[PDB]
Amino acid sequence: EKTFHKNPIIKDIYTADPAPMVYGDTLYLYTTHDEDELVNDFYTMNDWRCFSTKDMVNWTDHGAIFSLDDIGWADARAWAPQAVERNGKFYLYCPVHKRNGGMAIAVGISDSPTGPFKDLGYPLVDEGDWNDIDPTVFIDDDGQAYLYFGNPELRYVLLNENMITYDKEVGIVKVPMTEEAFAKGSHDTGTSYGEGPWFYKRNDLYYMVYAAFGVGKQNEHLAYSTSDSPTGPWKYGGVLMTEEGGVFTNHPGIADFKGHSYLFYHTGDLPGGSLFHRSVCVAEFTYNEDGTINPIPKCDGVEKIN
């Protein structure tokens, strides 16, 4: 019986920007995909992948579940996604380049967590600028869903119950980009907030985890902030994972599965790995009693769970 799985999770394909979703007895891990053959020696990202597990050590590869070619209005940049389930359907939020436009958020819909996903037909969020990447979605206890996104500015909308529209009266809301919320740092706002927001609630505390840029630093680390409310005010928490052992990017995804807590992240540790050929990894961790989280070291692998 296999009882351990050594990182990186998947070894025959380069993956990044992990977004776990637990539904019932199964954890589904959605990722971006760094092509084996790079175009112009640079990031080459066309489709999204899904890998599932029932036990954290045996993984099933579902291949491409959605792609830029499935989105009629988008031409480039299959960037960090997140999926969510609601009312018997699965929604995949994907940041992409809108042809002849800026960065927009697509929503794909499927009756299955492993697709194939069908694009809505037009963008869900489309402000005309280049900020709105790396969406994260969470459905709160009161039934209100939120969609956060952005680099270098964190923004959100209130998603409606159908998950394919948002409240246009509230519109797109900007988060104040303060040191109080996101620490001092080297990103465009002068705070450490970078990209890859990951929004959720656990035991009456809300969390915003993100890729971050420290003062005087070039590479991303992972950090987090907290709030008593889903829309703030956000207060800086601390470092969740340092840059050590990583590549220029890191990107967080957190899930509880069968009573255990996991941080998914990425590195360039696969054979032939690099900043453009990444690999998703996972570390188990535990929360402090007061809801804070100590820094998580990079991890050799995880144990089977039941």
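Numbering starts at 1 and runs along the sequence shown.
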| task | Would you determine, from the values in the PDB entry, which of 77-85 and 136-144 has the greater average C-alpha temperature factor? | result | 136-144
| remark: Between 96-104 and 147-155, the record assigns the higher mean Cα B factor to 96-104
| Among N131, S229, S225, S186, which residue carries the highest C-alpha B-factor recorded in the PDB entry? | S186
| task | Grab the CA temperature factor for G272 from the record and place it in the lowest, middle or highest third of its chain. | result | highest
| remark: Among the modelled residues of its chain, the C-alpha B-factor of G196 falls in the third labelled lowest
| said: Lowest, middle or highest third: which one holds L68 when the chain's residues are ordered by CA B-factor from the entry? | reply: lowest
| Lowest, middle or highest third of the chain for the C-alpha temperature factor of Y30? | lowest
| said: How does the C-alpha B factor of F248 compare with the rest of the chain: lowest, middle or highest third? | reply: highest
